[PDB]
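*Asks:* The amino acid sequence is not available; the structure is as follows:
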Ligand code: HEM
Ligand code: HEM
Ligand code: HEM
């Protein structure tokens, strides 16, 4: 149905047309106006200045956080009529379709940073409903660092580069960040989620999404339930390994944004299911934590997810800047049937997102931008402003008036389908600058998170902390980290402290426990589909390998895979060169038959690629847990690096046997047997 | 038929609609969200913040000059096919129509200043042609203060208020301005034009317009003629008197902008004829001055005006801000068939106007605003920018390129009807920071202007200079002015020095002359029409005076006038009260019969109006040169202040006699017999 | 000589006795543009021209959304006592204690160029540069406001300001849009009368009283609070014009009030105000027939007399 249907009116086609100035008129803009042939350029060359001025002013400020990101258009379809729980129009009827836009991001890097940096990721959705725009602005992690919004600058200042040198870019591996994590123990829970697979997803399409905050759903009668928003990926949860991500950050900074682009362009639109948890208003403090605490998540054993619909991203942007870059999400973009809660973190966000748009867009009229415009229509008494795109017919721009005859009219719960705060809500107590004592358990839930991970995944979190805390140059801060880690788990504190060359503190069993919850793990489940995944078939231009390699590709593509045929140079079947190839770009590596010649001898030393290139791709690919394969005689390649076909995730033999093997391996995606666990 | 047809698609009707946020959704915005009855306002009241934020950001910077102004839409129709002189599309066929917008202004005042302050006035026209926007940005005075654009800050800084206290507003009557005039003798010519009637027009519709600069018209073969643009008013040239203007600045600051509004709204659209002077390129320095000197004009005896068309302003703006305020004129808004000249003042303007838009609009995308958009279409490689309203289809935004197939294409003289600089133009000599010696005659032409004025008009200019220079607190600057005044005319220097209480310098015959030229005078000719002009009929609620007055009104209105019936209070036929009435709002005053009651006795002292009000309107109206009249018994009112019906501009008798006399007097408009001239 | 502008000395620039410079330094002449030949075109490489004009082109900043037309002066505030019994504020914490101030007087509906002598509510905004931070009393010359909720401020101001179609009339409430609001929102009636009184057309800035309008709170170190109202009483007396006078004055001198404030200070006759307050016990908030959190009401001095804390 093409969600960008509204955006058609502002599309400009310069095809078949002559050059123009921004004020019209046909021009040539390749030569300046000079005085005397090899003369100076003239100030009266209006064509030059108008062209350069637009170029000079092309830049707008990047987002203060989540600067690095990408987005797409889509449609959200409701599965039912949910008036039993919410009065929201976009969830009000079965099979009802609403246009959406989603932008995925990383929190700490700037516009040019790598997609594959370790960071929390953003998952922000706009619903273009017929009752106004509604935004679920969320992360891929269900918990946040802080419990009060007034502490947001303190958190961000710490994680972002040092103010003296602006080092390091897009990393928490420095003293200031881990100074904050240790000094503000509230941050520990998200810290663990960051050090898990969530910090390095395979793709935007392979992560779940969370509103994190508890909200409220309201029905037309005004009955409310506390809610948590979920997005469950229909493509499955998948993650990389840190050593892979680092190399990937260099070979392709655009890994995530390219992958989302290619998937949609290839007809494989990603999709998520929108799920919720409904909690009775009286059960706010029931489940071992305050539900107004964003450093907590609610296990599905206490409240299982009920899915309300599915959203699919099937359209790509036409211009990145106009659409992806300029879009402005706010949690304050709320509609009838939804309401906020007294979450101290959420309360502050409402101010921030609206205020910060004044900075990026240089004006109060940024919702007049095509990608920010609603489909529902805008009528009010707002006038003037910088870059006002509309002309208003009503010359009586005030609301208590005789002359406009009462229009625009005032809408509420009973009339006009207007927004209303939940009627049952109250305020009781002293005016205070403090936080509830129900917020003071910072260690129980990270323990719960750690316990609910597979043993290798647990090692990954620890291996990440070892790497990160190693970069801290202040010994006392590392001591402070061990103290906070110890309060969660003695084993974690023990295991990390080895790398730091420090001593493990004595156990504190106050917050220790062995509880477990589901859905927080990434690797323990297999991917629903292998569609869109990429296999790199290493071959050579010498002999019959290429034709042999080509035949392998045709077979793989029907299953949904994307295959790249690599060789010394761009021959008939060659997609990519060895110079341009790396293991990070592929979910699986498979050596074609006869390609053994370049893994040893003169073949591995050609001017057409850096020495050892084919051997590294296999080495890197295997060591990173990916499915690896060789076809027939190609076994020579696998034993060159010490990999027996007897192993798990490794397949050697006939092409037909190999194909079935790789496709099986891709469902597992990552082979965790190839990583060493502490104690052994 | 409607000049604003392009603007229709962006018009918003809030009628019959419910209140919305700027992002959509129905709301009520009359109460804040509070915690409890008499509680504090909540940060989560998104409706409040969204509403107030737009209000807080309503203001954009005012224009650095010409801040005070008003405008309207219109149509320009060509009278012929002028391809013999220019390749311009909008003058390329007879009866060809182009939508226009015109904005009239004053140069030194801010957004709130009075229309009736003595100042140079602006006359900026945009032609929305099918070959791009073309702007003639000019004043109501054919000459400017300076000969080089680099001195524009110096000129403007002096005339504008003093930087310490910001006093005085919209006036040249201070030391700083007259310091500049004396120290930069180039300003003397426009200074004289400013002190004439041109400095205080009756209306926007009653002033001529000038491009001031010499431009070039170019034909398709590339042959050029030197040109000067003129706008000749179809309503006639009219001016006020200084004592009237001062009082008018208080009673109605919006005098000019309202008059332009009322004229269009009442079916009386104003019109101007577009005329030009054509000069052969070899005769640039032929006529006693350099034609690249903007402090000089070319008398119509050397080169007469040829009219090419007529423009009529028939539509009013719907929103002042969106249309009038946000519009951006530039002299660099030029099209094919027109070109610039080496006028040092013009050359600088081209930079300034484009650069200054970055300040007012906070972005490079201000020609995307509806009132700045051309009707011809915009196709280029400009991307991004602050508040980008478009989405660009071409992802190959560079030239030259293979992938876009050559589009947008490059146009020039031979291909694509593109803009081209005149091919005959040359540059010869050293690179210099100097001005030509042909520019050094600053006194001859101001004398020429003075010589061509009626004796009373000459008195007006002198009476104006006496007033202004009286406000200078530095005696020496006044000495400096008299010396510069003396070089023009010994009589003027003599006459001015009387008011200042100084002594007239001895005569200087260096630049003295008695030459004369036509078209520079305002009062000496009679108005083509009295339509829209206003008569104020002073009447009363007592007796049968009102009905007598009512009959007077209907007769007068038939002839095209607008009649306001004034009385003690708002009775059946009463347009205005005496408290709300003033002589400045009317072109003629006529006392109705039986209205004698309010000029003497208890009638002149009512609680309903300030004492002496009816007597003042007649006193002011008479003393200001306007036609005054009394009907029947009403003659006592005229002798209440000492005015005999035998006088000129005064009419007493029966109603029919008064009507015919007044309408005759309005054609005269102003009676210069009532003003004292020196030596009398 | 206390010189309230002593801190401002560090940023004063004296161009006397110096040569012309660019904004980035270096000596220049800026009266001629750079041309190619005797009568040539101006060159893009004339850095001197562009640097000069660019600043001129960008000289303008947005005018205030309200109270656009105004003027101001520096001063000193001296406390009359040690008021720690009612407030812990440093600038009122000791007798004879001096605090630098700046005050800006204004009109509410006109723009930057409007007349000082237009009928409108007037502004009276005072800043205290205390040694515990800036403290601002932003108030009018009238003790009451048009509206009881801030969310209605766009509605009120839009109505009084010119009509959006023609932007007429300037700095006036004499039109349909304003009086439509006054009739439809009856809360505005009180301030409307204050506007139609002498307060709408003062003789000078130095001849008007001042009000915080809102009820605030004064707190002591122990945390005990009293409801408070701020007052400024003029040591020069209250004086106003007549409407027929003001209109004529609006034309002959738009800068009348701002010039008068300038001249008095310049002539050694500095104007002065006394700061007075009304103190109300927290239990007495609704005592006097209305809510003290209503800004459309004022508290008569028979109910609570004024106590002066300083000048
Ligand atoms: C659970 C807590 C939070 C979540 C889930 C979250 C998520 C996000 C996401 C996904 C974005 C990306 C916007 C986009 O993709 O266009 C974003 C941006 C932003 N967030 Fe947060 N964030 C949180 C905490 C906060 C807090 C506490 C504040 C302020 C007090 C804040 C202020 C901002 C600002 C100013 C932006 C920039 C948006 C723009 O410039 O358009 N965030 N946030
Ligand atoms: C013959 C000389 C001049 C004429 C006829 C003239 C006329 C005008 C007029 C009518 C306007 C009104 C714009 C409007 O109504 O929107 C204007 C504005 C302006 N002029 Fe001039 N002017 C002259 C000299 C100059 C010079 C020498 C400069 C700079 C070197 C300059 C810079 C400007 C600027 C920056 C604006 C503001 C326009 C905007 O904010 O969009 N002018 N001029
Ligand atoms: C008792 C009620 C009010 C009083 C005493 C008052 C007083 C003032 C004064 C004296 C100024 C001028 C500041 C200056 O001269 O620099 C001002 C400006 C302003 N006021 Fe009000 N006003 C009131 C109502 C409101 C309300 C209810 C709002 C918003 C909800 C508001 C918003 C503003 C804004 C946005 C400015 C612009 C200040 C600037 O641009 O720097 N006012 N007010």
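*Replies:* Cool, got the structure. Numbers count the residues shown, from 1 in each chain, chains lettered A, B, ... in the order given. Ligands and ions are numbered 1, 2, ... in the order given.
*Asks:* Ramachandran angles for the residue in chain C positioned nearest to ligand 3?
*Replies:* Nearest residue of chain C to ligand 3, counting by CB to the nearest ligand atom: residue C:123, 3.1 Å away. No exception for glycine: its C-beta is placed from N, CA and C like everyone else's. Main-chain torsions, residue C:123, degrees, to the nearest 10: phi -90, psi 150.
*Asks:* which element is the closest residue to it other than its chain neighbours on?
*Replies:* What sits nearest to residue C:123 in space, not counting adjacent residues and going by CB to CB, 6 or more residues apart in numbering or on different chains, is residue C:106, at 3.5 Å. Here residue C:106 sits within strand C:98-107, counting by DSSP states H and E.
*Asks:* check contacts around the residue nearest to residue C:123.
*Replies:* Residues near residue C:106 by CB atoms under 8 Å, 6 or more residues apart in numbering or on different chains: C:64, C:67-70, C:122-123, C:125.
*Asks:* I'd like the distance between the closest residue to ligand 2 within the stretch 51-200 of chain C and residue C:50.
*Replies:* Using CB to the nearest ligand atom, residue C:57 is the residue of the stretch 51-200 of chain C that sits closest to ligand 2, at 5.0 Å. Relative to residue C:50, residue C:57 is positioned 10 Å away (CB to CB, to the nearest Å).
*Asks:* between those two, who's got more neighbours?
*Replies:* Counting neighbours by other CB atoms under 10 Å in any protein chain shown for residue C:57 and for residue C:50 shows that residue C:57 has the greater number, 22 against 19.
*Asks:* now the residue lying closest to that one once chain neighbours are set aside: how far from residue B:594?
*Replies:* Distances taken as CB to CB, 6+ apart place residue B:356 nearest to residue C:57, at 3.7 Å, with adjacent residues excluded. Separation of residue B:356 from residue B:594 (CB to CB): 58 Å.
*Asks:* strands paired with the strand holding residue C:106, and their directions?
*Replies:* strand C:69-78 (antiparallel), strand C:122-130 (antiparallel) (DSSP bridges).
*Asks:* Isn't residue A:139 up against residue A:212?
*Replies:* Yes - counting by CB atoms under 8 Å, residue A:212 is a contact partner of residue A:139 at 6.3 Å.
*Asks:* Please name the spatially closest residue to residue A:533 (chain neighbours excluded).
*Replies:* residue A:587 (4.2 Å).
*Asks:* and that neighbour, what does it touch?
*Replies:* So residue A:587 contacts A:202, A:533-535, A:626-627, A:666, A:669 (CB under 8 Å, 6+ apart).
*Asks:* where along the stretch 1-150 of chain A do the strands fall?
*Replies:* A:11-12, A:68-78, A:97-106, A:121-129, A:132-139 (DSSP state E, counting those that start in this stretch).
*Asks:* quick one, what contacts residue A:484?
*Replies:* A:181-182, A:185, A:188, A:443.
*Asks:* redo that, cut-off 6 Å
*Replies:* A:182, A:185 (CB atoms under 6 Å, 6 or more residues apart in numbering or on different chains).
*Asks:* so it sits in a helix?
*Replies:* Yes - with DSSP: H, G, I helix; E, B strand; the rest coil as the criterion, residue A:484 is part of a helix.
*Asks:* Hmm, residue C:28 is touching residue C:48, no?
*Replies:* Yes - look at residue C:28 against residue C:48 with CB atoms under 6 Å: they come within range, at 5.3 Å.
*Asks:* Where do the domain boundaries of chain A fall?
*Replies:* A:1-431, A:432-529, A:530-680 (curated CATH domains).
*Asks:* Point out the residues in the stretch 51-200 of chain C that sit beside chain A.
*Replies:* Applying CB under 6 Å from any CB of the partner chain, we find that the stretch 51-200 of chain C lies next to chain A at C:155, C:158-159, C:163-165, C:180-181, C:184-185.
*Asks:* let's go with 8 Å and repeat that
*Replies:* Neighbours of chain A within the stretch 51-200 of chain C, by CB under 8 Å from any CB of the partner chain: C:152, C:154-156, C:158-159, C:163-165, C:176-177, C:180-181, C:183-185.
*Asks:* Spatially, and excluding backbone neighbours, which residue is closest to the residue of chain A found nearest ligand 3.
*Replies:* When scored by CB to the nearest ligand atom, chain A has residue A:364 as its residue closest to ligand 3, at 12.3 Å. Ranked by CB to CB, 6+ apart and with sequence neighbours excluded, the top spatial neighbour of residue A:364 is residue B:57, at 3.7 Å.
*Asks:* related to what we said a few turns ago, what is the nearest of the contacts of residue A:587 to ligand 2?
*Replies:* residue A:202 (52.4 Å).
*Asks:* how close does the closest residue in space to that closest one that isn't next to it in sequence get to chain B?
*Replies:* Once flanking residues are discounted, residue A:202 sits nearest to residue A:238: 4.0 Å by CB to CB, 6+ apart. Look at residue A:238 and chain B: by CB to the nearest CB, to the nearest Å, they are 31 Å apart.
*Asks:* how many neighbours does residue A:238 have?
*Replies:* Neighbours of residue A:238 under the rule other CB under 10 Å: 22.
*Asks:* ok, it to residue A:275 distance?
*Replies:* Applying CB to CB to residue A:238 and residue A:275 gives a distance of 19 Å.
*Asks:* again with residue A:451
*Replies:* For residue A:451, the distance to residue A:275 - CB to CB - is 23 Å.
*Asks:* swap in residue A:401?
*Replies:* For residue A:401 relative to residue A:275 (CB to CB), the value is 46 Å.
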